[PDB]
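Next up: just one chain, as structure tokens, the form deposited in one PDB entry.
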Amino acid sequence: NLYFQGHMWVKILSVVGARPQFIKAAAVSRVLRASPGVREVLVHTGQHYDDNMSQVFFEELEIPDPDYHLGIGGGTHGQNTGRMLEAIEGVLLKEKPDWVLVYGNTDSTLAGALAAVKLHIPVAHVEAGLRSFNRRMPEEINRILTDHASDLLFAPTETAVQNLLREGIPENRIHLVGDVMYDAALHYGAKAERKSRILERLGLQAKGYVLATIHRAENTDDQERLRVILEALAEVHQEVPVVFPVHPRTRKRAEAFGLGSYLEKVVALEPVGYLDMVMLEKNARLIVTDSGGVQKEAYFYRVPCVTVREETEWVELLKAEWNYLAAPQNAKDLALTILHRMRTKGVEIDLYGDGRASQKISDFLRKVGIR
């Protein structure tokens, strides 16, 4: 035996529930699965369950079948989170992992953190420390409580680091690693370029359209806010075609509120896969969204962005002038704002790291040691 023979396994269990969590997990899981002395276990809470919200990401992003599908979703915050909490705990007692990874800030994120910390299993938070400072948002609650329940905090931004320090989280548990969604954009771009012909199937050409997505509860749960958004987009479409993959939350609200006819006024799609989405974003003249990740991706592709919200967690994008908030207060103004910004670019700047946040995270999990 010449070389040193290591005898130590760590079991890392990831908890995912929703579309953006599968994307982040695809970047991180792949590095962990390739890491010596790492056994990864993946739990799918069931929060997102339609194939174009879940299965399609497992296919295109090459994620192994979850070890557990919990089958929980569609309910209230109370039912989803409550049921996930108890179910995730069951798994934890079975699998007895050394670390629990949770991602972003869905109800699934919070359920996993809570299930784990009370069993004294160390929680690590991928995308830690983002603040909208708007507690009406369920996502803000989620990230605050998850962060304060975590033993490791993988911040993507300096602002995120500052947020955590300001809430008394000790500096030694915080690591600025950048953003794994940039890793993912880099890792899957060639496959998107190879495999999507969404542009060919919509008869669209590069820079000849605007891409839009809207699903924030505060935008969809209010009939008249939603109307401002659908009406604005419809106005924009007369000037530049608007492509709009429509989230199931958004469709369900549009329907119940009777606003369905507005979707005839733009190029509305079922929700798309990541590969088609990359191609759509890459080639847009402008992106209008209330998504977190999409704001970032627009910048990756150096496409201008409008965020239809009263705030963003991703403030560096505003400072760099790649992003611009426009709250949905009236349709005329929203539309005018969109058309004006279609002519803009931000400044050249390198945000979100080197595309290897996944490797940093894996390295930090493996070397923390038994406290």
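Residue numbers run from 1 along the displayed sequence.
The form deposited in another entry is left out here; the points below concern that form.
Look at the two-part rigid motion between this form and the one not shown: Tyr299 and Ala160 go with different halves.
Whereas the displayed form keeps them at a certain spacing, the CA atoms of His69 and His48 lie at least 3 angstroms closer in the other form. Shown here is a form in which the CA atoms of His48 and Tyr68 lie at least 3 Å farther apart than they do in the other form.
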